[PDB]
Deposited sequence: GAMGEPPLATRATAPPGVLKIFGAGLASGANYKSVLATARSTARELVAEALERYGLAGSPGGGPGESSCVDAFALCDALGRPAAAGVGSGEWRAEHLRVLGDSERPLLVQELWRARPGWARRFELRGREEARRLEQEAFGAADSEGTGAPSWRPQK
């Protein structure tokens, strides 16, 4: 329910804070994080990622365009002894890293 701030970290861009409400889509937060790094066209070229590790990410998931990142942040936790953070990444790079086991 309550609006939250999300720390969106840049990789190949340190984080940008973003106000996200429970009706904020991932694609909307991508656009916002993009201009907050100083960049419409290249929204689809980038991707928001739920990333996990122990800083190097050991696994990640590319969020769907109309997924709601606040709820992803809140309704799921990382398994015990794992770090977790949202990341702004090139789409092809991120979709690739989804396979690196």
item: Missing C-alpha runs, given along the deposited sequence, first residue counted as 1; value: 1 to 13, 27 to 30, 57 to 66, 82 to 91, 139 to 156
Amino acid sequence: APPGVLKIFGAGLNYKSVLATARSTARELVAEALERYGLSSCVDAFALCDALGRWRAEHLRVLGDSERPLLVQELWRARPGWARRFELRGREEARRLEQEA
From here on, numbers count along this sequence of modelled residues.
| property | result |
| --- | --- |
| Stretch exceeding the other in mean C-alpha B-factor - 60 to 68, 41 to 49 | 41 to 49 |
| Relative C-alpha B-factor of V18, binned into the chain's lowest, middle or highest third | middle |
| Chain thirds of CA B-factor: placement of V5 | highest |
| Where the record places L88 (Cα B-factor, split into thirds across the chain) | lowest |
